[PDB]
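Worksheet: the structure to be examined is printed underneath.
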Amino acid sequence: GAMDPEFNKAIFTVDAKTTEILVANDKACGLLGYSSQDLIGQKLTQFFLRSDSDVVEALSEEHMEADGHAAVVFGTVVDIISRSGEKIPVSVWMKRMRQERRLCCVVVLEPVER
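PDB author numbering puts the first residue of the sequence shown at 1, with every later residue one more than the last.
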């Protein structure tokens with residue numbers, strides 16, 4: 001409890017095909033305000049930079065979406081928003097690291113200067 005992996009490691013495990021957050025730990029959940037049983041079935045992006053459109057866009061081709069844009073991005077230090085709304089800038093990095101037998105997309109949110 002003096003680093004990050006146990007301090008407040010925002011770990012969101014999802015599928016790479018359609019996403020859908022499989023489960024989340026007591027750290028990541030703490031970051032926003034969900035949990036493996038409170039955010040499951042939905043998409044992490046729903047609780048990041050605009051829960052209306054941006055979520056459905058960033059979940060597509062990913063990256064800038066338009067290559068060289070700042071409209072919808074979810075794989076870099078961006079400004080996210082929690083269920084309660086905090087619009088706090090954090091670092092986001094999505095990558096397929098698997099977890100069982102399917103390419104599992106993982107996202108780790110790290111508070112800036114925190």
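The beta-carbon is built from N, C-alpha and C at its ideal position, and this holds for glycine as well.
Residue j beta carbon less than 7 Å from that of residue i
i	j	result
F48	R83	no
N25	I40	no
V107	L31	no
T13	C104	yes
Paired residues, beta bridge with residue i - DSSP
i	result
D79	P89
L44	According to DSSP, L44 bridges with nothing at all.
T13	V23 and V106
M94	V107
Distance, residue j Cα to residue i Cα
i	j	result
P89	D52	18 Å
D54	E62	11 Å
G85	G33	10 Å
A2	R50	31 Å
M97	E57	22 Å
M64	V78	12 Å
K87	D15	25 Å
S35	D67	33 Å
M94	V23	15 Å
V92	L59	13 Å
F7	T76	21 Å
8 Å CB neighbourhood of residue i in its chain, flanking five on each side removed
i	result
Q42	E20 and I21
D4	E110
Beta carbon proximity, residue i to chain D, threshold 7 Å
i	result
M3	Annotation note: the requested chain D is absent from the structure, which comprises a single protein chain.
Contacts around residue i, its chain only, beta-carbon distance under 6 Å, and the 5 residues preceding and following it disregarded
i	result
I80	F48, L49 and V90
Counted within 10 angstroms of its Cβ, other Cβ atoms place residue i as buried (16 or more) or exposed
i	result
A28	buried
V112	exposed
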